[PDB]
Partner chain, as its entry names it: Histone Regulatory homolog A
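Consider the single chain below, provided in structure tokens and representing the form solved without its partner chain.
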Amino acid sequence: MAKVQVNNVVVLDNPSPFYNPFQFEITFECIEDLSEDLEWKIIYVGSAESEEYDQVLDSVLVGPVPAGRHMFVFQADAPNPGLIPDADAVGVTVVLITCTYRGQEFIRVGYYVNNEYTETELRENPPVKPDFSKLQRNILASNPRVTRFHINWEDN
């Protein structure tokens, strides 16, 4: 008895500029009729060195809809480069899309975002300081940490 079961996620923001917006073509199946708005949020771990930095790129609200399996296309402008530390910026990070209905999260696509330089030289030998402008977000679609939960979409 869930109202939305997100199934597929065709990430478009595969390794592209860090200043390119997170593009998630999610295909979810609205299993039931909805009452409130569906809150898909993209949470970019602001520091994989400190998780409490988790930033929020955007949150799309899909209102009450009478079920239906279909795809929508997420995009969200990049995080604050100042929020990310060295080891995270030129490193591995996660950007999770927690679908949050009624303030209750019922799924989490923890897409590992591997931030590695765009320019081959910089991949050859990563500059000691993180260049978010040279940074390319490789959204590891080979490693989607999908953690979904069951929530009360109702008031029971």
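Numbering follows the first chain given and starts at 1.
Here the subject shifts to the form solved in complex with its partner chain, a form of this protein not shown in this document.
In the deposited complex, its partner chain lies within 4.5 Å of some heavy atom of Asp58. Residue contact with its partner chain in the deposited complex: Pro64 places a heavy atom within 4.5 Å of it. Mapping the unseen interface onto this chain, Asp37 counts among the residues with a heavy atom inside 4.5 Å of its partner chain in the deposited complex.
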